[PDB]
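Starting off, we have a lone chain in the form deposited in one PDB entry, written out as structure tokens.
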């Protein structure tokens, strides 16, 4: 199964809070390993995962080189805010946002499945690198200005050369260093809880805790019949320890609890689970 190295840039203006801010974070799969925050004095690229403590000795220039790259990005996208505002003729008293997401998916053979670079303005698609990694799709007339500038700059080929070369190499390097964290599939710990509401109704809540990676499926059934439409399913949420939690809950009539089952699929489970109260 594939792995992915992904980087996420946010530059935004915050009129009334001071100068624009830039935050750049990396992830391998669902685990964040690095951050850069322009609000720091002399901001540096900084490790956010324990296995990253080992890269200083393997790559003594890693932190200085990543600090330079992120500082350069911080300058580019914060100036970019003023550039794009000018394309739209937007006033500077408003808050605006540029986001960039780029990275690579690698398959089980160690080779690139796909690269991507996409940008958003005020939360909407703005410009994206096409799947051929030589050309750009521009969302509107303003983004066509950007597109022309990046075609003249030959930036797609610089993108392609990173996404196909360096991105893949580094994903492989991180998967090796962070093997114990990244290559785990930690199954959910599951249980059902029982919450009477009224005299004739009760809530059954099916819990999945401590699982990695994030992808999971929770379902309720009644007599083998899928309850998806009637259940309350919360969005998967981080537990703050590097894993995730989810639950699905259902209102059933008192006395009928034994008729319902919870079904859990997660890649760390040897087979899908069925739980009953």
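Numbering follows the first chain given and starts at 1. Here, rigid core means the biggest group of C-alpha atoms that superpose within 1.5 Å across both forms.
- The mean C-alpha temperature factor is higher for 39 to 47 when 206 to 214 and 39 to 47 are set side by side.
- Mean CA B-factor, 11 to 19 versus 262 to 270: the higher value falls on 11 to 19.
- By the numbers in the PDB entry, the CA B factor is greatest at 93 among 93, 106, 81, 101.
- When the C-alpha B-factors of 29, 239, 235, 53 are read from the PDB record, the largest value belongs to 53.
- The PDB entry assigns residue 159 a C-alpha temperature factor belonging to the lowest third of its chain's modelled residues.
- Per-chain ranking of the deposited C-alpha B factor places residue 147 in the middle third.
- In this PDB entry, residue 186 carries a Cα temperature factor that places it within the middle third of its chain's modelled residues.
- When the modelled residues of the chain are ordered by their C-alpha B factor, residue 66 lands in the middle third.
- Among the modelled residues of the chain, residue 89 sits in the middle third by CA temperature factor in this PDB entry.
This protein has a second form, the form deposited in another entry, left out of what is shown; the following refers to that one.
- Following superposition on the rigid core between the shown form and the other one, the residue from 82, 157, 166, 201 with a C-alpha displacement of 2 angstroms or more is 201, and no other.
- Fitting the two forms on the rigid core leaves the C-alpha of residue 21 displaced by under 2 angstroms between the shown form and the other one.
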